[PDB]
Structures are given as C-alpha cells and as structure tokens.
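This report concerns only the one structure given below.
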Amino acid sequence: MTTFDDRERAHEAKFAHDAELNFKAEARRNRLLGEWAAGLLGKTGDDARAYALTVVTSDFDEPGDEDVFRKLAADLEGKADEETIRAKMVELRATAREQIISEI
C-alpha cells in the first residue's frame, strides 16, 4: 500500500501468515539443537560455539530434511539415543516457530 516498512506488515503480518516464519524458525531450531548437542559432546572454548554455529542457516548447498537425525546421531552415538534425538528435534520445532514472534 505504502512500501514494506515499520512493525506494520513485515514481521507482525509476515509471520502471522506462515511462509516467512518457516525460514526464520529453521535458522533458529538448528542452533538450539546444536548448543544442546555441544553440551553432550562436552565442548568448551570455541569448539562448543562452532558446533552450535555450523548446522544453522548454512549456504545453499547444505540439504537435510531428515538428515539431521543421522547428522546428530553420527556425533552423539553412545551419549544420546533416538529417545532424546528426535524428541529434541520435535521439542524445538513448534517452539522455534512461536519463538519467532516471542523474540520480538
């Protein structure tokens, strides 16, 4: 109507309407799982940071859908089995969704 500006249609509508919210929440949920799993592997310093700060956003050559389960499993074998892995994956799915607006 006017352009896209303000807290009018660019956040407060854009995430009321799904679509845009997917993109944000995806690039949040991965970070929340990464910092969990770093806290299982036992990391400190920048190694813990790096492990949370890799699996999220990435470049346009980082595919997954279900590979996240395998990706984390190949690290957390013998520390955290499916009982937690897919549980956290779900427990952050709807949480990261709502957390988009709740973080405003």
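FYI, it's all coordinate maths here, none of it is from the lab. Counting neighbours? That spans all protein chains shown, and the Cβs are built from the backbone with ideal geometry, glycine included.
Descriptive notes on the structure:
- Neighbours by Cβ (under 9 Å, 6+ apart or cross-chain): first from region 1-12, touching a residue at least 24 places away in the same chain (Cβ under 8 Å) and under 18 Å from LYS24 (Cα atoms); second of a type outside the set (A, V, I, L, M, F, W, C) and surrounded by 11 or more Cβ atoms within 10 Å (Cβ to Cβ): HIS11/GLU20
- Selection within region 1-35 - among the acidic types (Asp, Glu) and within 22 Å of the chain's Cα centre (by Cα): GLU12, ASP18, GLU20, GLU26, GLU35
- Screening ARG97, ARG49, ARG29 for residues that are in contact with a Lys or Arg (Cβ under 7 Å, 6 or more places away or on another chain) and surrounded by 10 or more Cβ atoms within 10 Å (Cβ to Cβ) leaves exactly one candidate, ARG29.
- Of residues in region 52-72 being in contact (Cβ under 8 Å) with a residue 24 or more places away in the chain and under 11 Å from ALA37 (Cβ atoms), the one surrounded by the most Cβ atoms within 10 Å (Cβ to Cβ): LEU72
- Residue check, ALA38 loosely packed, with under 15 Cβ neighbours inside 10 Å, among the hydrophobic types (A, V, I, L, M, F, W, C) and either more than 16 Å from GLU103 (Cα to Cα) or out of contact with any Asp or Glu (no Cβ under 9 Å at 6 or more places or on another chain) (or both): no
- Taking every residue in region 73-88 that is more than 20 Å from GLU26 (Cβ to Cβ) and touching a residue at least 24 places away in the same chain (Cβ under 8 Å) and pairing it with any residue that is β-branched (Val, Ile, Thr) and surrounded by 11 or more Cβ atoms within 10 Å (Cβ to Cβ), at least 6 positions away or on another chain, the pairs with Cβ-Cβ distances below 9 Å are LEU76/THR84; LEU76/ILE85.
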